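K.L.:
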Ligand SMILES: COc1ccc(NC(=O)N2CCN(C(=O)c3ccc(C)o3)CC2)cc1
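Residue numbers (the numbering used here): 1 to 121.
1) In chain order, what are the residues with a CB under 5 angstroms from some non-hydrogen atom of ligand 1?
2) Thinking just about the alpha-carbon of each residue, which of 118, 8, 2 and 3 is nearest to the one in residue 61?
3) Can you tell me which of 6, 17, 15 and 118 puts its alpha carbon nearest to the alpha carbon of residue 63?
4) Residue 34 by DSSP, collapsed to three states: which one?
5) Hey, how far is the Cα of residue 23 from the Cα of residue 16?
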C-alpha cells in the first residue's frame, strides 16, 4: 500500500491489542510516585500507553517513528528502574516489547515505502 496516512489507524489497532494484553497493566498509566518515591531520581522522562494513545488521538505524532520512540521509552524506563533482571514488572515489559516489535515492523516499512513512492519522480 502507498497510503501515507495508513500508519495512524494501524497504530490505534496495535494499541488496542496492547491494552488487551495482561502484560500491559503496569504500563497503562503513569508510574505511581506515592508507591515508588525515588522514581524521578532514576527516570528523567516518564511514559505510558495512555499518554501514547492520547498523543496519537490529538494529532501530535507526525510519523509512526515518533510513536515507536515513545513506546520504546516505556520499555527502557522499566529496564532502568528495575532492581533485578528477574523482577515481575520488568519480565512483563520484555514480553510486551517482543509483541510490540513483532507488530510495528510492517507499519514502519509500509510508511517509509509510501513516502519513497510519494517522492519517486
Ligand atoms: C494507578 O495505577 C497504576 C498501576 C500500576 C502502575 N505501574 C507502576 O507503578 N510501575 C512501577 C514501576 N515500573 C517499572 O517498570 C518497574 C520495573 C521494576 C519494577 C519493580 O517496577 C513501571 C510501572 C502505575 C499506575
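From the three backbone atoms N, C-alpha and C, an ideal C-beta is built for every residue, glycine too.
P.N.:
Here's the rundown:
1) 26, 29, 31, 32, 78, 81, 82, 87, 89 and 90
2) Position 61 of the chain shown, counted from the first residue, corresponds to residue 61. If we check each option's Cα against that of residue 61, 8 comes out closest.
3) Position 63 of the chain shown, counting from 1, holds the residue named residue 63. Comparing Cα-Cα distances from residue 63 to each of 6, 17, 15 and 118, the minimum goes to 6.
4) Mapped onto the chain shown, residue 34 falls at position 34. Correct three-state label for residue 34: coil.
5) Numbered from 1 along the chain shown, position 23 holds the residue referred to as residue 23. Numbered from 1 along the chain shown, position 16 holds the residue referred to as residue 16. Cα-Cα distance, rounded: 13 angstroms.
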